[PDB]
Amino acid sequence: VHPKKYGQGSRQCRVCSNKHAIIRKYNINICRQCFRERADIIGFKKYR
Amino acid sequence: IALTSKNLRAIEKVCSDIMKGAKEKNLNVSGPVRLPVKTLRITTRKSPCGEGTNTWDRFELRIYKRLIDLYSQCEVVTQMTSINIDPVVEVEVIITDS
Amino acid sequence: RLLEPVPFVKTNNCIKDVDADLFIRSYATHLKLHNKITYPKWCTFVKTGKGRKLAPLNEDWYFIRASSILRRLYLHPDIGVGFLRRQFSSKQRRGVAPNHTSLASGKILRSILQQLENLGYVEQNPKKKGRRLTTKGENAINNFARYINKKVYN
Amino acid sequence: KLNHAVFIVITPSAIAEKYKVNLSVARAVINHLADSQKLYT
Amino acid sequence: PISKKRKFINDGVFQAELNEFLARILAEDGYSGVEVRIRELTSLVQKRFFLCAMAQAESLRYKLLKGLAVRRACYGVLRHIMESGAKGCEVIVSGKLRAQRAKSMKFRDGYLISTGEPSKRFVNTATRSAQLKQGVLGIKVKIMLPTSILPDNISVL
Amino acid sequence: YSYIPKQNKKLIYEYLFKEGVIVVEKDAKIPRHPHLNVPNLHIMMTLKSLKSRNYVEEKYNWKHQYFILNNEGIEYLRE
Amino acid sequence: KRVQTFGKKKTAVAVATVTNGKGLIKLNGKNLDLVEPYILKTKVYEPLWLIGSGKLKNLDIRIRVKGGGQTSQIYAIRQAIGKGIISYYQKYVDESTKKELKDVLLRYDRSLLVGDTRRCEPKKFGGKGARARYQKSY
Amino acid sequence: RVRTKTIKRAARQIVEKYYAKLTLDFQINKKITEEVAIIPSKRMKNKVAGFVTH
RNA sequence: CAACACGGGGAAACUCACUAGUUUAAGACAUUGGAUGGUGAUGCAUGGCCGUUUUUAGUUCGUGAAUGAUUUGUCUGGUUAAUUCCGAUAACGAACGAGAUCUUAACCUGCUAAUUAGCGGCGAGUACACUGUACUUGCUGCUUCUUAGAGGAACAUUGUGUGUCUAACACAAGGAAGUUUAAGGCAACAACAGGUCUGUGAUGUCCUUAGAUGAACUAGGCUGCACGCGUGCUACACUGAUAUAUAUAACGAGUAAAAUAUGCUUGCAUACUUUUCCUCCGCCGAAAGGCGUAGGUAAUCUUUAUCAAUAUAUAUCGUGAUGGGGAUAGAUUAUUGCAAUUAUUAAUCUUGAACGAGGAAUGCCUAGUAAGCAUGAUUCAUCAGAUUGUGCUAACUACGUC
């Protein structure tokens, strides 16, 4: 091994480990495809 | 005493409870101060593969903060707080008064 | 254009009664006449901000800018250098790409700020942020305001 | 075209037409007469 | 410590993670309360941090796994939901359905409501994937129950 | 240079018996766990073997691996 | 003593403080003279003509402005002055004189008596505007 | 504009049992309709009051 | 079309699946058999989700009635966004959808409240002016404005026409508002062999599974370039460029590496302390940028009674590819990172292409919109010409028709 501490390989979706479409806003760290399943149980609701 | 919640009804229920609670020991209160609402807004694309018309929907987690404060000794307010609690709301006690 | 009749009463003693440009130029000219202010040397060569690229093309511009800063000081009490950089901001043409905001050069601002302070017109306190006005400078600004106010009036 | 040289109703364009000169040269003539945009009335 | 905005999301994420953990366990009932059989489960979560639709749907997916006929199973489950006091219900079974060529079949009864926020308020919902012998069925259960009543009621005495 | 770590396996077995459960997540690169400073990979391989032999039950939710030691597993493990 | 009103076009809000006085008009820390654009200078001079000097001459006006750009702010100021003038004559002077004054103001325009009804429509995905959309293609 | 079947049906029930409480005025009818029928929305109540007044 | 700034997919490495190769065990069970994994194959095996069908009024049931598929109900007619209502009628009565509901924005309660908002009350100064005004430090009953709760307000209200003079429509007045007030959200029936197994320990079957299509590591590649078509940006000047001045905004968003001290042989080990996301402020720097520090879990500090740019005001050009334009290139010092060398990004000076308002074609738009002008957020170690929000500057033209 030889580690990389920054950029794409430093992070993932916490739920699915995929590296794509990740919401890091408010430090959620979930990809939106996973997040839209759970956003209600997380406590969000859409209105607009 | 600061009250933070994501649920309107629960925070309002706590408001009525604290108003009664204050009058039980006949305390001198400043009226409940509702602090500016923070909304945790996520504007989210619909489709897991990004299909069709682009199509975004806007999700909101809206948290309510309120503060009600009291000029009273430290023991009285903490004991009042412990009788007044319910699980859902987040309570912070900042009173050093006498 | 220069003066119009109006029915309402005015304060008649402050920059809040004055044509900003006329005031700025007059005080700059007065300051240069007095010779308290200096350009100096290197500041003849410099550029005023990358949003411009150029420079004011007037040779008395530093005194004008100093005077303009002093007016901002009268408006806004405890402001500092980053506030000044932001104050004098404009748009910058990014070549083929669209505009984004660009600061005025910070050394000329810093130099003016220091120079006014050395000449006693402003005072940095331990309290709050930056430099506020000294009373002597304020009274002079008021006197110049009074001169202009009389000059237009009669 | 040929409307530009140094030597020989108030409004600069008319002056520039009349003597066949630039608007800078017209403005200079206005300034000599007097002895953005401006008010000529 | 961290912001309220950070705090509330972290609480929500944890709530989802525990709920999904519970969903892997689930059989007897939907829930049995937080603790600040069950003893071992409590021990696992304490280590880690240091009627309603879903029960009916889960019952149905177990019956599909047991190899009972889909139509008979769905009819029974639907009937139980209505009998037990649902004001309406819709159960959809999607997928292979004893063939290579997939299809879906809807089984609704009662006043099942889809329109507006009253639908969201009074319709309780559950989704289940059944992996079976030939591939996969998706069950989607919707149960409509009061908690007061629909706004379409005129309410004249 | 270094080989298979039996002493670490012995330590892991003791920890497993004492608790009767382990929650520790999937990833093998990390070696830090609140009760353990030995690599996750070593424990994970042993847990896989124990599960296969039916001395452990898995429950699994997105990298959370919820391992419980079985009564037959407790008796066998104890020494 | 004191009477209070406000004016509200788009974001902008101009609150008017009308006290017993002598004919002074301010905008925050600044005299009314410092509006600057000639057109918008007239827009706030307009109510001054409608009430004349001698009805202005026993009141001072101070106005407090937040939000919007200049054209919106000046219309908010103008509305605040209109309502302000009326409120002083309703609280201190006379209802009949206030009605007479309001008639004059109404004859000039509605906009210094009743605020704007126009407010922004949100952007929606698929175009730069509220309604305007990105180009279709074949 | 118009008025839907729910509004008309509610209005038809009214008068039939309640004409002796009804009046010409809309604001009083709004009060009467609120008093008599436990309508869940203001909009709905106003429409029923309006049509009952009509 | 509804593929084509679309795959939230703004690729230096990491990324990556590709190309050149270098490695590795991370082979459960009794090194041999054996299994276990796969951003491999299969969306015409499938689940889920999303798109279309389609932003429009359509769908269905109970019983009755009409060799049968089938039909009535669900309609001559009036009316409506409306299987909306009236009305009519082998049907009568329903249920779903729509409407109602829900989120904003719009206006009003000498009602509800005052903190981390204001106002006054009142001390202290510096200026100005008189039978008060302006400005800062110091202390401290009101709630109109700041915030955020509850509650009101349109029902076609009144009037006049039109309309079976029924459901209803039209105009004017009143009114903060008169189309369901304007904008959203939610989105049936029944489909499509639309897209997605490269989002998922959702997943069948198939390939492969240790000179591995796994994991991991080093380069190169994704931006290549005789060339063709989409979507966007910037221009073609004088109602403009250039330089000063005056004004100002809403939505926001913000907390395990490194450094230093000690012991040892520039290196290592141990100890110990900050930075970490936002940076006011103060020094130094043309500039980028640097250094020193302070407040920030946030109505408090960055910073928002002011954080933008077009506006607007005075000056300089003066119609000439012109000082328009900024393509293209050279020389710098910075910045992020191990790595910038396919100009990463940044500024400084110079360099000064096409383009003289766009042919055939064709897009979007009706009121705070359209257009122009900005800017926050998203990705982000490193980066907006993208997307998604938000504001300011505030148009034209019917106001309808098939």
# chains A, B, ... in the order shown; residues from 1 in each chain; ligands from 1
>>> residues_around(residues="stretch 48-63 of chain E", least_positions_apart="6", cutoff="7 Å", atoms="only C-alpha atoms (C1' of nucleotides)", output="MDAnalysis selection string")
(chainID E and resid 29:30 73 77 84 124:126 128 130 141:143) or (chainID F and resid 23)
>>> write_last_selection(atoms="N, CA, C and O atoms", output="PDB file, in the first residue's frame")
ATOM      1  N   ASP E  29     -43.063  -7.495  16.014  1.00  0.00           N
ATOM      2  CA  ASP E  29     -43.790  -6.241  15.995  1.00  0.00           C
ATOM      3  C   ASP E  29     -42.890  -5.217  15.305  1.00  0.00           C
ATOM      4  O   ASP E  29     -41.776  -5.532  14.883  1.00  0.00           O
ATOM      5  N   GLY E  30     -43.361  -3.970  15.137  1.00  0.00           N
ATOM      6  CA  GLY E  30     -42.610  -2.913  14.475  1.00  0.00           C
ATOM      7  C   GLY E  30     -41.501  -2.347  15.324  1.00  0.00           C
ATOM      8  O   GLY E  30     -40.386  -2.151  14.842  1.00  0.00           O
ATOM      9  N   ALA E  73     -52.105 -15.627  -1.013  1.00  0.00           N
ATOM     10  CA  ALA E  73     -51.371 -14.895  -0.006  1.00  0.00           C
ATOM     11  C   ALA E  73     -51.764 -13.422   0.062  1.00  0.00           C
ATOM     12  O   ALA E  73     -52.072 -12.882   1.124  1.00  0.00           O
ATOM     13  N   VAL E  77     -53.708 -11.482   3.112  1.00  0.00           N
ATOM     14  CA  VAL E  77     -53.081 -10.331   3.739  1.00  0.00           C
ATOM     15  C   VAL E  77     -53.907  -9.066   3.608  1.00  0.00           C
ATOM     16  O   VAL E  77     -54.143  -8.363   4.590  1.00  0.00           O
ATOM     17  N   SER E  84     -58.916  -5.755  10.157  1.00  0.00           N
ATOM     18  CA  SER E  84     -58.303  -5.154  11.323  1.00  0.00           C
ATOM     19  C   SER E  84     -58.447  -3.641  11.357  1.00  0.00           C
ATOM     20  O   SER E  84     -57.931  -2.972  12.251  1.00  0.00           O
ATOM     21  N   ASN E 124     -49.987   4.686   5.537  1.00  0.00           N
ATOM     22  CA  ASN E 124     -48.792   4.089   6.075  1.00  0.00           C
ATOM     23  C   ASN E 124     -48.295   3.066   5.057  1.00  0.00           C
ATOM     24  O   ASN E 124     -49.071   2.335   4.448  1.00  0.00           O
ATOM     25  N   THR E 125     -46.974   3.026   4.811  1.00  0.00           N
ATOM     26  CA  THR E 125     -46.398   2.364   3.641  1.00  0.00           C
ATOM     27  C   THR E 125     -45.235   1.460   3.993  1.00  0.00           C
ATOM     28  O   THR E 125     -44.499   1.697   4.953  1.00  0.00           O
ATOM     29  N   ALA E 126     -45.047   0.369   3.222  1.00  0.00           N
ATOM     30  CA  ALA E 126     -43.947  -0.549   3.443  1.00  0.00           C
ATOM     31  C   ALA E 126     -43.471  -1.206   2.150  1.00  0.00           C
ATOM     32  O   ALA E 126     -44.263  -1.659   1.325  1.00  0.00           O
ATOM     33  N   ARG E 128     -40.751  -4.148   0.384  1.00  0.00           N
ATOM     34  CA  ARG E 128     -40.021  -5.370   0.686  1.00  0.00           C
ATOM     35  C   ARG E 128     -39.542  -6.034  -0.594  1.00  0.00           C
ATOM     36  O   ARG E 128     -40.293  -6.226  -1.550  1.00  0.00           O
ATOM     37  N   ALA E 130     -38.429  -9.527  -2.071  1.00  0.00           N
ATOM     38  CA  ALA E 130     -38.376 -10.958  -1.904  1.00  0.00           C
ATOM     39  C   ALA E 130     -37.528 -11.592  -2.999  1.00  0.00           C
ATOM     40  O   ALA E 130     -37.954 -11.735  -4.147  1.00  0.00           O
ATOM     41  N   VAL E 141     -46.779  -2.183  -0.139  1.00  0.00           N
ATOM     42  CA  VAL E 141     -47.986  -2.143   0.669  1.00  0.00           C
ATOM     43  C   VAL E 141     -48.281  -0.721   1.112  1.00  0.00           C
ATOM     44  O   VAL E 141     -47.399  -0.006   1.593  1.00  0.00           O
ATOM     45  N   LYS E 142     -49.542  -0.284   0.957  1.00  0.00           N
ATOM     46  CA  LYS E 142     -50.054   0.987   1.409  1.00  0.00           C
ATOM     47  C   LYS E 142     -51.334   0.754   2.198  1.00  0.00           C
ATOM     48  O   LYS E 142     -52.284   0.158   1.691  1.00  0.00           O
ATOM     49  N   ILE E 143     -51.397   1.203   3.464  1.00  0.00           N
ATOM     50  CA  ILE E 143     -52.564   1.091   4.328  1.00  0.00           C
ATOM     51  C   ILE E 143     -53.055   2.471   4.742  1.00  0.00           C
ATOM     52  O   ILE E 143     -52.290   3.277   5.263  1.00  0.00           O
TER      53      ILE E 143
ATOM     54  N   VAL F  23     -19.014  -5.702  17.471  1.00  0.00           N
ATOM     55  CA  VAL F  23     -19.366  -4.716  16.471  1.00  0.00           C
ATOM     56  C   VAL F  23     -18.083  -3.945  16.186  1.00  0.00           C
ATOM     57  O   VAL F  23     -17.429  -3.453  17.108  1.00  0.00           O
TER      58      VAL F  23
END
>>> closest_atom_pairs(of="chain H", to="chain E", cutoff="12 Å", atoms="only C-alpha atoms", output="Markdown table")
| residue | atom | partner | partner_atom | distance |
| --- | --- | --- | --- | --- |
| H:4 | CA | E:152 | CA | 11.3 |
| H:5 | CA | E:154 | CA | 10.3 |
| H:6 | CA | E:154 | CA | 6.6 |
| H:7 | CA | E:154 | CA | 7.8 |
| H:8 | CA | E:154 | CA | 10.1 |
| H:9 | CA | E:154 | CA | 8.2 |
| H:10 | CA | E:154 | CA | 6.1 |
| H:11 | CA | E:156 | CA | 9.2 |
| H:12 | CA | E:156 | CA | 10.2 |
| H:13 | CA | E:156 | CA | 7.2 |
| H:14 | CA | E:156 | CA | 7.7 |
| H:15 | CA | E:156 | CA | 11.4 |
| H:16 | CA | E:157 | CA | 11.3 |
| H:17 | CA | E:157 | CA | 8.9 |
| H:18 | CA | E:157 | CA | 10.0 |
| H:32 | CA | E:156 | CA | 11.7 |
| H:33 | CA | E:156 | CA | 8.8 |
| H:34 | CA | E:156 | CA | 9.7 |
| H:35 | CA | E:156 | CA | 10.0 |
| H:36 | CA | E:156 | CA | 6.7 |
| H:37 | CA | E:156 | CA | 4.3 |
| H:38 | CA | E:155 | CA | 5.1 |
| H:39 | CA | E:155 | CA | 5.7 |
| H:40 | CA | E:151 | CA | 6.2 |
| H:41 | CA | E:151 | CA | 8.0 |
| H:42 | CA | E:151 | CA | 11.7 |
| H:43 | CA | E:151 | CA | 11.8 |
| H:44 | CA | E:154 | CA | 9.1 |
| H:45 | CA | E:154 | CA | 9.5 |
| H:47 | CA | E:154 | CA | 11.9 |
| H:48 | CA | E:154 | CA | 9.6 |
>>> write_last_selection(atoms="N, CA and C atoms", output="CSV table (one decimal), in the first residue's frame")
chain,number,residue,atom,x,y,z
H,4,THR,N,-68.3,23.2,-5.9
H,4,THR,CA,-68.3,21.8,-6.1
H,4,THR,C,-69.4,21.1,-5.3
H,5,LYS,N,-69.6,19.8,-5.6
H,5,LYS,CA,-70.7,19.0,-5.0
H,5,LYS,C,-70.7,18.9,-3.5
H,6,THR,N,-69.5,18.7,-2.9
H,6,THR,CA,-69.4,18.8,-1.4
H,6,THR,C,-69.9,20.1,-0.8
H,7,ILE,N,-69.6,21.3,-1.5
H,7,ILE,CA,-70.1,22.6,-1.1
H,7,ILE,C,-71.6,22.7,-1.2
H,8,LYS,N,-72.1,22.3,-2.4
H,8,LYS,CA,-73.5,22.3,-2.6
H,8,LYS,C,-74.3,21.3,-1.7
H,9,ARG,N,-73.8,20.1,-1.5
H,9,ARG,CA,-74.4,19.1,-0.6
H,9,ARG,C,-74.5,19.6,0.9
H,10,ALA,N,-73.4,20.2,1.4
H,10,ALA,CA,-73.4,20.9,2.7
H,10,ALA,C,-74.4,22.0,2.8
H,11,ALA,N,-74.5,22.8,1.7
H,11,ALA,CA,-75.4,23.9,1.6
H,11,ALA,C,-76.9,23.4,1.6
H,12,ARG,N,-77.2,22.3,0.9
H,12,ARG,CA,-78.5,21.6,0.9
H,12,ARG,C,-78.9,21.0,2.2
H,13,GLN,N,-78.0,20.4,3.0
H,13,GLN,CA,-78.2,20.0,4.4
H,13,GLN,C,-78.6,21.2,5.3
H,14,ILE,N,-77.8,22.3,5.2
H,14,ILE,CA,-78.1,23.6,5.7
H,14,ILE,C,-79.4,24.1,5.1
H,15,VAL,N,-80.2,25.0,5.7
H,15,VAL,CA,-81.5,25.4,5.3
H,15,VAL,C,-82.5,24.4,5.7
H,16,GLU,N,-82.3,23.1,5.3
H,16,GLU,CA,-83.2,22.0,5.6
H,16,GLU,C,-83.4,21.8,7.1
H,17,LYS,N,-82.3,21.9,7.9
H,17,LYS,CA,-82.4,21.7,9.3
H,17,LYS,C,-82.2,23.1,10.0
H,18,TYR,N,-81.9,24.1,9.3
H,18,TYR,CA,-81.2,25.3,9.9
H,18,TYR,C,-81.6,26.6,9.3
H,32,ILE,N,-72.6,31.4,11.7
H,32,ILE,CA,-73.7,30.4,11.8
H,32,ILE,C,-73.2,29.1,11.2
H,33,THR,N,-72.6,29.1,10.1
H,33,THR,CA,-72.0,27.9,9.4
H,33,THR,C,-70.9,27.3,10.2
H,34,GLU,N,-70.0,28.1,10.8
H,34,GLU,CA,-69.0,27.6,11.7
H,34,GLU,C,-69.6,27.0,13.0
H,35,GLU,N,-70.6,27.7,13.6
H,35,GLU,CA,-71.4,27.2,14.7
H,35,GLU,C,-72.1,25.8,14.5
H,36,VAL,N,-72.7,25.7,13.3
H,36,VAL,CA,-73.5,24.5,12.9
H,36,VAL,C,-72.7,23.4,12.4
H,37,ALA,N,-71.8,23.6,11.4
H,37,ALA,CA,-71.0,22.6,10.8
H,37,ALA,C,-69.5,22.7,11.1
H,38,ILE,N,-68.9,21.6,11.4
H,38,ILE,CA,-67.5,21.5,11.9
H,38,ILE,C,-66.5,21.4,10.7
H,39,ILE,N,-66.7,22.3,9.7
H,39,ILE,CA,-65.9,22.3,8.5
H,39,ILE,C,-64.4,22.5,8.7
H,40,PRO,N,-63.5,21.8,8.0
H,40,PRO,CA,-62.1,21.8,8.5
H,40,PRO,C,-61.3,22.9,8.0
H,41,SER,N,-61.6,23.6,6.9
H,41,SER,CA,-60.9,24.7,6.3
H,41,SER,C,-61.7,26.0,6.2
H,42,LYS,N,-61.1,27.2,6.4
H,42,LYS,CA,-61.6,28.5,6.3
H,42,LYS,C,-62.1,28.7,4.8
H,43,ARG,N,-61.3,28.4,3.8
H,43,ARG,CA,-61.7,28.4,2.4
H,43,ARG,C,-63.0,27.7,2.1
H,44,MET,N,-63.1,26.4,2.6
H,44,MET,CA,-64.3,25.6,2.5
H,44,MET,C,-65.5,26.2,3.2
H,45,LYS,N,-65.2,26.7,4.4
H,45,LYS,CA,-66.3,27.3,5.2
H,45,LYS,C,-66.8,28.5,4.6
H,47,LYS,N,-66.7,29.3,1.3
H,47,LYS,CA,-67.5,28.8,0.1
H,47,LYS,C,-68.8,28.3,0.5
H,48,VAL,N,-69.0,27.4,1.5
H,48,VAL,CA,-70.3,27.0,2.0
H,48,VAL,C,-71.2,28.1,2.5
>>> select_by_dssp(residues="chain G", states="helix (DSSP H, G or I)", output="ChimeraX atom specification")
/G:32-35,38-56,70-93,95-108
>>> select_by_dssp(residues="chain B", states="strand (DSSP E)", output="PyMOL selection string")
chain B and resi 2-5+28-45+56-71+90-92
>>> interface_residues(of="chain D", to="chain I", cutoff="8 Å", atoms="only C-alpha atoms (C1' of nucleotides)", output="MDAnalysis selection string")
chainID D and resid 22:24 36
>>> interface_residues(of="chain C", to="chain G", cutoff="10 Å", atoms="only C-alpha atoms", output="PyMOL selection string")
chain C and resi 1+4+6-12+14-20+75
>>> residues_around(residues="stretch 29-32 of chain A", least_positions_apart="6", cutoff="6 Å", atoms="only C-alpha atoms (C1' of nucleotides)", output="list in words")
residues 13, 14, 21, 22 and 23 of chain A
>>> interface_residues(of="chain I", to="chain E", cutoff="9 Å", atoms="only C-alpha atoms (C1' of nucleotides)", output="PyMOL selection string")
chain I and resi 45-48+95-97+100-102+185-188+202-204+255+297-298
>>> write_last_selection(atoms="C-alpha atoms (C1' of nucleotides)", output="PDB file, in the first residue's frame")
ATOM      1  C1'   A I  45     -34.138 -12.452 -16.488  1.00  0.00           C
ATOM      2  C1'   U I  46     -35.323  -9.009 -12.800  1.00  0.00           C
ATOM      3  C1'   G I  47     -36.138  -5.605  -7.832  1.00  0.00           C
ATOM      4  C1'   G I  48     -35.942  -0.699  -6.636  1.00  0.00           C
ATOM      5  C1'   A I  95     -65.122   5.104  -5.144  1.00  0.00           C
ATOM      6  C1'   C I  96     -60.212   6.964  -7.171  1.00  0.00           C
ATOM      7  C1'   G I  97     -57.976  11.461  -9.895  1.00  0.00           C
ATOM      8  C1'   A I 100     -60.030  20.508  -1.041  1.00  0.00           C
ATOM      9  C1'   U I 101     -55.243  19.541   1.601  1.00  0.00           C
ATOM     10  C1'   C I 102     -49.829  21.275   2.292  1.00  0.00           C
ATOM     11  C1'   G I 185     -45.376  20.921  -3.725  1.00  0.00           C
ATOM     12  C1'   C I 186     -48.431  16.300  -4.190  1.00  0.00           C
ATOM     13  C1'   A I 187     -49.631  13.780  -9.576  1.00  0.00           C
ATOM     14  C1'   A I 188     -54.793   8.611 -11.073  1.00  0.00           C
ATOM     15  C1'   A I 202     -31.408  -5.336  -4.077  1.00  0.00           C
ATOM     16  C1'   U I 203     -30.404  -9.497  -7.737  1.00  0.00           C
ATOM     17  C1'   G I 204     -31.164 -14.357 -11.152  1.00  0.00           C
ATOM     18  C1'   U I 255     -13.730  24.261  13.757  1.00  0.00           C
ATOM     19  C1'   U I 297     -20.764  24.964  17.945  1.00  0.00           C
ATOM     20  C1'   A I 298     -22.738  30.815  15.517  1.00  0.00           C
TER      21        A I 298
END
>>> closest_residue(among="B:72, B:96, B:82, B:43", to="chain G", atoms="only C-alpha atoms")
B:43
>>> residues_around(residues="residue G:112", least_positions_apart="2", cutoff="12 Å", atoms="only C-alpha atoms (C1' of nucleotides)", output="PDB file with C-alpha atoms, in the first residue's frame")
ATOM      1  CA  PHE G   6     -43.220  52.904   6.757  1.00  0.00           C
ATOM      2  CA  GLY G   7     -43.074  52.200   2.992  1.00  0.00           C
ATOM      3  CA  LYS G   8     -42.194  48.922   1.264  1.00  0.00           C
ATOM      4  CA  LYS G   9     -41.415  48.285  -2.426  1.00  0.00           C
ATOM      5  CA  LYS G  43     -39.592  61.677  -6.832  1.00  0.00           C
ATOM      6  CA  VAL G  44     -38.985  62.642  -3.187  1.00  0.00           C
ATOM      7  CA  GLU G  46     -43.022  65.505  -5.187  1.00  0.00           C
ATOM      8  CA  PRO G  47     -44.764  65.177  -1.735  1.00  0.00           C
ATOM      9  CA  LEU G  50     -48.275  68.416  -2.482  1.00  0.00           C
ATOM     10  CA  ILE G  74     -36.683  56.182  -3.229  1.00  0.00           C
ATOM     11  CA  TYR G  75     -40.184  54.859  -3.969  1.00  0.00           C
ATOM     12  CA  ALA G  76     -40.229  53.334  -0.454  1.00  0.00           C
ATOM     13  CA  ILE G  77     -39.072  56.756   0.955  1.00  0.00           C
ATOM     14  CA  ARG G  78     -41.778  58.539  -1.091  1.00  0.00           C
ATOM     15  CA  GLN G  79     -44.474  56.168   0.227  1.00  0.00           C
ATOM     16  CA  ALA G  80     -43.127  56.590   3.767  1.00  0.00           C
ATOM     17  CA  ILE G  81     -43.289  60.416   3.397  1.00  0.00           C
ATOM     18  CA  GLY G  82     -46.891  60.204   2.062  1.00  0.00           C
ATOM     19  CA  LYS G  83     -48.129  57.974   4.897  1.00  0.00           C
ATOM     20  CA  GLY G  84     -45.982  60.029   7.334  1.00  0.00           C
ATOM     21  CA  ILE G  85     -47.577  63.351   6.346  1.00  0.00           C
ATOM     22  CA  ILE G  86     -51.039  61.786   6.701  1.00  0.00           C
ATOM     23  CA  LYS G 102     -55.097  62.780   1.055  1.00  0.00           C
ATOM     24  CA  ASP G 103     -57.342  63.961  -1.813  1.00  0.00           C
ATOM     25  CA  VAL G 104     -54.379  66.038  -3.190  1.00  0.00           C
ATOM     26  CA  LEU G 105     -51.995  63.064  -2.848  1.00  0.00           C
ATOM     27  CA  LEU G 106     -54.551  60.736  -4.543  1.00  0.00           C
ATOM     28  CA  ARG G 107     -54.975  63.223  -7.406  1.00  0.00           C
ATOM     29  CA  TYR G 108     -51.174  63.163  -7.984  1.00  0.00           C
ATOM     30  CA  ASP G 109     -50.794  59.326  -7.752  1.00  0.00           C
ATOM     31  CA  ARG G 110     -51.777  56.152  -5.844  1.00  0.00           C
ATOM     32  CA  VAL G 114     -50.711  52.353  -1.599  1.00  0.00           C
ATOM     33  CA  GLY G 115     -47.454  50.344  -2.013  1.00  0.00           C
ATOM     34  CA  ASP G 116     -46.408  48.131  -4.938  1.00  0.00           C
TER      35      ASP G 116
END
>>> residues_around(residues="residue A:42", least_positions_apart="6", cutoff="9 Å", atoms="only C-alpha atoms (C1' of nucleotides)", output="ChimeraX atom specification")
/A:35 /B:61 /E:8-16
>>> write_last_selection(atoms="N, CA, C and O atoms", output="short mmCIF file (atom, residue, chain, number, x, y, z; two decimals), in the first residue's frame")
data_model
loop_
_atom_site.label_atom_id
_atom_site.label_comp_id
_atom_site.auth_asym_id
_atom_site.auth_seq_id
_atom_site.Cartn_x
_atom_site.Cartn_y
_atom_site.Cartn_z
N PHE A 35 -29.21 8.84 -0.05
CA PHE A 35 -29.83 9.85 0.79
C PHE A 35 -31.34 10.04 0.59
O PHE A 35 -32.08 10.19 1.56
N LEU B 61 -34.84 20.50 6.47
CA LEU B 61 -34.87 20.18 7.89
C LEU B 61 -34.81 21.49 8.68
O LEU B 61 -33.77 22.13 8.85
N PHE E 8 -28.02 17.68 14.54
CA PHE E 8 -29.33 17.16 14.19
C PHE E 8 -29.23 16.18 13.03
O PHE E 8 -29.85 15.12 13.04
N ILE E 9 -28.41 16.48 12.00
CA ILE E 9 -28.13 15.53 10.94
C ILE E 9 -27.47 14.27 11.44
O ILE E 9 -27.88 13.17 11.08
N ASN E 10 -26.47 14.37 12.33
CA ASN E 10 -25.82 13.21 12.91
C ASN E 10 -26.79 12.32 13.69
O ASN E 10 -26.75 11.10 13.58
N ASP E 11 -27.74 12.93 14.42
CA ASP E 11 -28.82 12.23 15.08
C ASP E 11 -29.74 11.50 14.10
O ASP E 11 -30.09 10.33 14.27
N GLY E 12 -30.11 12.18 13.00
CA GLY E 12 -30.93 11.62 11.93
C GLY E 12 -30.32 10.45 11.22
O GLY E 12 -30.97 9.44 10.97
N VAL E 13 -29.03 10.55 10.86
CA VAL E 13 -28.24 9.48 10.27
C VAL E 13 -28.17 8.26 11.17
O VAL E 13 -28.39 7.13 10.73
N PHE E 14 -27.92 8.47 12.47
CA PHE E 14 -27.90 7.43 13.48
C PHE E 14 -29.26 6.75 13.61
O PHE E 14 -29.36 5.52 13.64
N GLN E 15 -30.35 7.54 13.62
CA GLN E 15 -31.71 7.03 13.61
C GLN E 15 -32.01 6.14 12.41
O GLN E 15 -32.55 5.05 12.56
N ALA E 16 -31.60 6.55 11.20
CA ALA E 16 -31.70 5.73 10.02
C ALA E 16 -30.90 4.42 10.11
O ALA E 16 -31.41 3.34 9.82
#
